[PDB]
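Just below is one structure, and these are the notes that go with it.
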Amino acid sequence: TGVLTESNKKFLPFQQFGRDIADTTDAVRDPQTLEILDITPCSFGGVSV
Amino acid sequence: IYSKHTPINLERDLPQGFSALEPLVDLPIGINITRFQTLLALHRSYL
Amino acid sequence: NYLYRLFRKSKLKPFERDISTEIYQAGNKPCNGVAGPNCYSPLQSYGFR
Ligand SMILES: *[C@@H]1O[C@H](CO)[C@@H](O)[C@H](O)[C@H]1NC(C)=O
Ligand SMILES: *[C@@H]1O[C@H](CO)[C@@H](O)[C@H](O)[C@H]1NC(C)=O
């Protein structure tokens, strides 16, 4: 579950998936359309009453 | 199979620095390989 | 028609096929590719009835 955005990450042709510093995927390469979709978790935060 | 092409000057063929080898061809073979040999090309002389 | 390898020098590795129809040496004495005492063929057939 996330927001898919355009990416400026120059993926190599063999590379499909992505990851970040803590080995959490930051992007995916779609098979049907060969484009890179950056994955960002949806907005959240803590509620204090 | 991983490969890389790196231009080198007139110095030691195995040069310094890093040239990472990109994954080129991942062949689905499933056979036993224990020995290998290099193939060369030779031209006919015609003389 | 269905045969299994009863005898081999070492255990196989994962996803490996062995089709070599060579003799096995079960004793100290070399067998030299000829059957005889303590020299048996590795492939034996199943008795399916
Ligand atoms: C279908 O996917 C392949 C890659 O698996 C791609 O080359 C091709 O353009 C796609 N076809 C369509 C109509 O999107
Ligand atoms: C491949 O063959 C050699 C000899 O032909 C054998 O010793 C070796 O165990 C084989 N590899 C595997 C994974 O069984």
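Laid out as a table, the results:
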{"read-out": "Relative exposure of B:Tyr46, B:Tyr2, judged by other C-beta atoms within 10 Å (fewest first)", "value": "B:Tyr46, B:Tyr2"}
{"read-out": "Footprinting exposure proxy for A:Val49, A:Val28, A:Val3 (fewest neighbouring C-beta atoms within 10 Å first)", "value": "A:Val49, A:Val3, A:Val28"}
{"read-out": "Ranking of C:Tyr2, C:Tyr24 by count of other Cβ atoms within 10 Å, fewest first", "value": "C:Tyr2, C:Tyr24"}
{"read-out": "Residues with amide H under 5 Å from that of A:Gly18, placed H, sequence gap 5 or more", "value": "A:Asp26, A:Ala27"}
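Throughout, read-outs are computed from the coordinates displayed, never taken from laboratory work. Reconstructed Cβ throughout: ideal geometry from the backbone, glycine too, with neighbour counts over all protein chains shown.
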